[PDB]
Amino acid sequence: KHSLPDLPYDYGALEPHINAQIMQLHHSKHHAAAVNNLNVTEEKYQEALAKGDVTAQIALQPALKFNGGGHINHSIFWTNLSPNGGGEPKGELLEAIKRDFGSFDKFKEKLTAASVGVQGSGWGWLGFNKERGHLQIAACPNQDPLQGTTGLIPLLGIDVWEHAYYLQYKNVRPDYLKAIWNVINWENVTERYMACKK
């Protein structure tokens, strides 16, 4: 049974970049609903599968991807942020960034471009392509999860759904992006990056 993970920090630990109201609603309501909805959908799929009901299985895909993706994306997102985040990585991750995007600053501009470029709801991602053995930026619509839909391993995700910033920044997503860089938990992004080595 899937469960809602506790936030790694208090709801106001990211102020003033992302206000506590946002953090509380985003976690206790948005992520919470996805988890309960996911459990309900998985239950239905096990029944449809046991009866070999392919039509039911197909009809349940949108709900499974949306609530499942919602759980996957937010679980990673929380760890991607930290009160002591910000600045830039150091070591292998940093070297990969410069290698694949030219410079950290260039990388920031590219991931920002992908995030701001999302038309409708979605996420901007910095991922790792195991096949190519390099970093790659990608954008996903709605709650479609990065690995489940592209195969790329998620390192850093930026939620550009309006509920992730509208209460504080309104229609100006670029202001939201500019601010979030101040809280990126590079220690966690680095750990996720190294996990792809082994």
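Sequential numbering from 1, following the sequence displayed.
Taking the mean C-alpha B-factor of each stretch as recorded, 126 to 134 and 64 to 72 are not equal, and the higher mean is that of 126 to 134. Look at the C-alpha B-factors of 55 to 63 and of 165 to 173. On average they run higher in 165 to 173. Per the deposited record, the Cα B-factor of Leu49 falls in the highest third when ranked against the other modelled residues of its chain.
The PDB entry assigns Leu94 a C-alpha temperature factor belonging to the highest third of its chain's modelled residues. In the deposited entry, the Cα temperature factor of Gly120 sits in the bottom third of values across the chain's modelled residues.
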